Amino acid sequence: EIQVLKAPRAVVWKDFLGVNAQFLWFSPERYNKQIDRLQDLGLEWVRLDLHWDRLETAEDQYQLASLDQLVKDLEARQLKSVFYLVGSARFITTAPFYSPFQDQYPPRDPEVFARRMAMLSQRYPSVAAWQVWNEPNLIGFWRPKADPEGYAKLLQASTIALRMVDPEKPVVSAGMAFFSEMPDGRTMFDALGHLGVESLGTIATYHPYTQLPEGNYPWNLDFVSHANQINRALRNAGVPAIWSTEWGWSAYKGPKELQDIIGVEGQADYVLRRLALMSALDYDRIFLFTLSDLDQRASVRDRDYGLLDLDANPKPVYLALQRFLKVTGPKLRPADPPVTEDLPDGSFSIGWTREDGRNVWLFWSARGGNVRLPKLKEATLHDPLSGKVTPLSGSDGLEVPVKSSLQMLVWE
């Protein structure tokens, strides 16, 4: 069962591939070093989390100094930022008095939240887009149960308030967990659609984390199918844009909590394979989770999603992504794979052209094996995980080794 992808449009990495970032967890010295490493990749989009109960610690009493300095720094470094605000301040929460998760409940009055997003947008005009809440389909962000009507009211109040500040600035709806599935068996995209939320014209976004790059189980690699189905439905509903605001894997050692243990090399492999899929699907922009490893304030799994370690130095996934983007160059146009014979069962196959006009073939298969390219006499094979570069030549076609990990064939 071979999966061939051809992107719907050209991809310019600087415009398309952003990273999540937790810069408020770090000193400016440290986060500026993270930004150096991001710029070295040729990227500029960042997505940052804001927690209302950290920003407003009592009614009308705020802690803005670190955020003020961060926004100044992001503007000085010429990054493009989307910030999301999530959680309830203590004075406004619907949490019962005894809950240990006071901010994981929605606000008693959505207009109060809306006024804070307007205050942030007015304070920080350099921010490129504002996002309303996070994963409202997940209990840990919206207790005690998912509530499409409640989220729709929150998104409407926020959209109106943000547009009063700046009618041109994008309003991004919350990144939905997974493909927006809810515990009750509905999906938040379907439920919001039945409420007519598309009339608000917010950017739609979801967080399609799966165990493997191409699906959750080896016998059901349905990531492409599932993403295509959700993205077609969002386009049919008239969304202005589709982003994926989080995806990725943790290099953590364990103990296992949801994600299987794959380590730094598994992180590098899986991120590159998933990037090869998502950059050929119908997203306008995607954001890898996440730029940096985090300290003990994060959950054990959440500490190790970084491109960078705690010193802001490259992990294997950063070096692999760097090699991949150097091979592609800055802009890819959709193309077709080379003609193949005996491409292995289960292969993934994506063709592009680079700015120099040469073709790039991204391919892999769990079975490994070999493939014949009968019409080529010359090409170069790059393994972004190891850095190996292999010139291939044949009088009557090429034989190319296929790996479980992504390789890139560059050919004329």
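Start at 1 with the first residue shown and count on from there.
Engineer: Averaging CA B factors per stretch from the PDB record, which one is higher: 98-106 or 175-183?
Structural biologist: Higher mean C-alpha B-factor: 98-106.
Engineer: Tell me which stretch has the larger mean Cα B-factor in this entry, 315-323 or 188-196.
Structural biologist: Per the PDB entry, the higher value belongs to 188-196.
Engineer: Just grab whichever of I242, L275, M164, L221 has the top CA B-factor as deposited.
Structural biologist: Top of the list by C-alpha B-factor: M164.
Engineer: Maximum C-alpha temperature factor per the entry, among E246, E214, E135, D73, belongs to which one?
Structural biologist: Among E246, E214, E135, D73, the PDB entry lists the largest C-alpha B-factor for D73.
Engineer: Based on the deposited C-alpha B factors for this chain, I'd like to know if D304 is in the lowest, middle or highest third.
Structural biologist: Middle third - that is where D304 ends up once the chain's C-alpha B-factors are sorted.
Engineer: Where does the C-alpha B-factor of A251 rank in its chain, lowest, middle or highest third?
Structural biologist: According to the entry, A251 has a C-alpha B-factor in the chain's middle third.
Engineer: Where does the C-alpha B-factor of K14 rank in its chain, lowest, middle or highest third?
Structural biologist: For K14, whose C-alpha B-factor we compare with every modelled residue in the chain, the answer is the lowest third.
Engineer: Lowest, middle or highest third: where is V82 by Cα B-factor in its chain?
Structural biologist: CA B-factor rank for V82: lowest third.
Engineer: Thinking about Cα B factors across the chain, which third does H207 belong to?
Structural biologist: Answer is lowest: the recorded C-alpha B-factor places it there.
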